[PDB]
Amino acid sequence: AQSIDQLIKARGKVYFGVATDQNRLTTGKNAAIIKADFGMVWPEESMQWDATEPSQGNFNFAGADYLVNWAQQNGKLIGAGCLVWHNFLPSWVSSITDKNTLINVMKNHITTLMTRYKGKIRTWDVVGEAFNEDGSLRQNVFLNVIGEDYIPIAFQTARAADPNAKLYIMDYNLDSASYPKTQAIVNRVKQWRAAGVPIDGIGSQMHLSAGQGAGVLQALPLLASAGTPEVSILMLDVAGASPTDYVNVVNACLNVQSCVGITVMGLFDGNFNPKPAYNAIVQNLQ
């Protein structure tokens, strides 16, 4: 009966969120569930580079506009992204080898997307999956052609394009304080923020095997130690939809003042009926 997003707001957090897209909002009972239980929606695909700028200069916003308008009309916060990362990246971008050209292309992409939705977007994932597992920077086209300054540039461009949005760097496999990747992103966000880079948040996307949720009790505090005003959580997957892993992640967020909420990607079975993880989360937040 009770809404998870309502319950998490009552514990002082901002949102319980879900990642969806136009195709699912128009099918059956998807819109109703989202209205009842979630306070934020994110486009799963409609805002990625190969969706929005499949050919340079030729932007496609049909699906993203649909999601944004639906969320606005139904009072849902909007997260969007990812602006800069190696996935969903057309080959016309990764074939570029000229530094100033790539700088201009990356700025045009950031500025066109954020300007279109200026003032409407709570969180922009500006840079995604920038780190290797060993803590070194991922050798995507931006790093190779621009260098490591592409991460500052991308964040300064976004801040200028829409100063109202919270700007996030996001990555996966940050679920343990013992991982080199978790420590490296903290150290580097610290350095970037000291040099004035407007990284408002770190988003931890979690591919959880059974038992890895406990790790977040110690990793989320470590991530919050980079000093961003916000951190957040995305549940990409949980092995066996294990209730205990879900509850530990929720409790990690409740323990970290700067954690604003949790998003799940797509807790419900094929007939849109709550699963045990659902009930466990509600009972924990109750």
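Quick note: we count residues from 1 along the sequence shown, nothing fancier.
Count the deposited residues lacking coordinates between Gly266 and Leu267 and you get 10 or more of them. Once the C-alpha B-factors are averaged per stretch, 92-100 and 122-130 rank with 92-100 first.
For the segment pair 62-70 and 29-37, the entry gives 29-37 the higher mean B-factor, averaged over Cα atoms. You'll see in the entry that, of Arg193, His207, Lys107, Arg159, the Cα B factor peaks at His207. In the deposited entry, the Cα temperature factor of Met235 places it in the highest third of its chain's modelled residues.
Ranked against the other modelled residues of its chain, the C-alpha B-factor of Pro229 as given in the entry falls in the lowest third. Placement of the Cα temperature factor of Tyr15 within the chain: lowest third of the modelled residues, per the deposited record.
Per-chain ranking of the deposited C-alpha B factor places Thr244 in the highest third.
Annotation for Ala252: C-alpha temperature factor in the middle third relative to the rest of the modelled chain, per the entry.
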